[PDB]
């Protein structure tokens, strides 16, 4: 989109969830820096009027801030010229409350998109809705997903050219993952790109994986599955999307291949679950695809963000894609072709020795691959991954990445799964605990990571998983939140905490930074705990069954989350003086 390509360069605005199409989450603003951040204080706050998990973050376009909430997905426009703000408009969609019963991982929403004088939102119950950005008037609404089939929507849509790109959730409900493109003006569906099934549904361009046939090709959407198991094939698309306008490719990752009992998927790779896709936005046709975790047996969803830095590789400036996967590996690919440049662990990994440079496949440790009817113990990372959806940042100044991570392991036993449309299609008993096979007394870490060297530069051990995507700035600072409510600013060179404040609820939002109409720098973040690790608190679940929430309940209680935080939903905005 030509407006967004222009606007995303402005230091004073924040026009899409991860700052720009490259998903760098980097701001050039330097009013707030390592010298003065100790003086940072709350400027103002705003209640979203919702409880449970508040993921994503606000947008700032012009002099208007756009705010979104957990279910029922209230949307607000705040006029920042009104000292400090006034509510310009609000919108709450009508939804089918049955959506709540088929949300796997809390009733979260990762946020709004802006383009062409319009705001775009997704709803838990499967709608994509366009609103007038200045009045809040509903312009069009479309049904993209079907709650009666166990589908929900939690991901933020992406506007590219005249299309709004919308995903789906339900990898634990046997859903056929896909991305739909809807016309920005009418909402009419233009194309629908599936993550499995026949080529006609997957949508492959004539040059698909041309340079890397070893990454797969035509027919693999069915041939790499037993029978018609692909019809329940997962590969959902609830993460963050990115875009390179020069290459005319947009990028995203896909979820686990449906049932968690790999026995019922045996015989093939189960493509294109756990896959990085690069597609043409006009047609949806794939130019390349790389499957990170063939025949997944761990729930290592591949949906984490696809950051698009230009890195110096073997002495030459190279258009890269960088992705910190649930499977614990930090991948660097050539974003033109899907060529694997590097893959090294960014957390402790014990299910695989390495990713092979020969065939780009994981070299598995067989004792850590799961199976039906027999437990597999001490798998690291757990299903929540080296990190979950919480997006990393990249600084072009340092050339390094700032990554929120999990530090947890699990036991995982496959169980026969039976499909009933609208009900869970899992087939696993999972127990979760702290990192390094339960030896660690902490469950998270915030790190600085060198993707090409495949090494951590520094690490901040955090008691709880870090479920907040940092913003990094030219002031030498990274901001992120903790699940017990601390909002922190750290020195990007050393990891030292330079400022912190305890807010009302665990933070699972991704902070932003922008300039107000007063030309002053502000830092804004949601508070309101939830998401998968926070499900025991958000859904008020008891400790009696530690297997509940597919392991999430036990581990949250072990880490002491329910004693550490209440539910909430508040936007906090900070500035100097």
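Positions refer to the first chain, counted from 1.
Stretch comparison (377-385 versus 314-322) by mean CA B-factor in the PDB entry places 314-322 on top.
Between 421-429 and 497-505, it is 421-429 that carries the larger average Cα temperature factor according to the deposited entry. Note on the listed residues 79, 416, 132, 299: the highest Cα temperature factor in the record is that of 416. Out of 470, 475, 268, 435, it is 268 whose C-alpha atom has the highest B-factor in the PDB entry. Ranked against the other modelled residues of its chain, the C-alpha B-factor of residue 491 as given in the entry falls in the middle third. Residue-level temperature factors show residue 34 in the highest third of its chain, judged at the C-alpha atom.
In this PDB entry, the Cα temperature factor of residue 240 sits in the bottom third of its chain's modelled residues, the lowest group. The deposited CA B-factor of residue 110 belongs to the lowest third of values across its chain. Ranked within its chain, residue 575 lands in the middle third, by CA B factor from the PDB record.
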